[PDB]
Amino acid sequence: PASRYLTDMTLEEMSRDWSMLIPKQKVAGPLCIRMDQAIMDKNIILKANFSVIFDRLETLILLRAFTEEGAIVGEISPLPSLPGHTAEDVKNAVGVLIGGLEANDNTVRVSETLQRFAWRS
């Protein structure tokens, strides 16, 4: 107490508005997954912001999928009910998005922060 945040996004990236040409949305536990169904054939990078506590990545604040050119085409966010999630919830929601984008022929990569979070639980 209190918490800090490690993030892959500039302050602009996590504040910017975005919308989906073809809006797809799915609830996975306490988290909302959105991805633009229209996006295809792109190289995508998943970037997250995590609360950091006791030097441990603690909880997902925001995840977004960016194309190589910086466009937001996917989002993972907790429900405003503020239902608290677990690291498995997160890893689960994340694979759902990955699968969603690879359906459309997008090559998906994850950030170093997520690469590390995968194995930290």
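Residues numbered from 1 in each chain as written, not as in the entry; some residues may be left out. Heavy atoms only, no water.

The deposited coordinates derive from X-ray crystallography, with the record listing a resolution of 2.5 Å.

Caption draft 1: Representation of the overall build of the protein. What the protein contains, in helices and strands, is two helices and seven strands. Walking the protein from its N terminus toward its C terminus, one meets helices and strands in the order β-β-β-β-β-β-α-β-α. The C-alpha radius of gyration computed for the protein amounts to 14 Å, which stays within 12% of the reference 14 Å derived for 121 residues, consistent with globular compactness. Burial analysis of the protein (121 residues in total) assigns 40% to the buried set. The long-range fraction of contacts in the protein, counting pairs at least 24 apart against all pairs at least 6 apart in sequence, stands at 64%. Within the structure as shown, the protein displays about 7000 Å² of accessible surface, and the carbon and sulfur contribution to it stands at 53%. Here the protein holds 13 positive side-chain charges and 16 negative ones, and the gap between their average locations is 4 Å. (Helix = DSSP H or I, 4+ residues; strand = E, 2+ residues; numbered from the N terminus. Rg over C-alpha atoms; globule rule 2.2 N^0.38 Å. Buried < 20%, exposed > 50% of the residue type's maximum accessible area, 1.4 Å probe, protein only. Contact = heavy atoms within 4.5 Å. Areas by Shrake-Rupley, 256 points an atom, 1.4 Å probe, with all protein chains shown as cover. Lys, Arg positive; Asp, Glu negative; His and termini not counted. Charge placed at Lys NZ, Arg CZ, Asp CG, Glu CD.)

Caption draft 2: Spotlight on the nonpolar core. Counting residues in hydrophobic clusters, the biggest one holds 24 residues, and the most contacted among them are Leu-46, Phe-50, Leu-63 and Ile-76. Elements represented by at least two residues in this core include exactly β3 (31–36), β4 (43–53), β5 (56–67), β6 (72–78), α1 (87–103) and α2 (112–117). The residues contacting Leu-46, other than those within four sequence positions of it, are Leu-63, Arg-64, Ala-65, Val-94, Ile-98, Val-108, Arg-109, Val-110, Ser-111 and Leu-114. Within the second largest apolar cluster, five residues are counted, among which are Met-9, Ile-45, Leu-62 and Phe-66. (Core = buried A, V, L, I, M, F, W, Y, C linked by side-chain atoms within 4.5 Å.)

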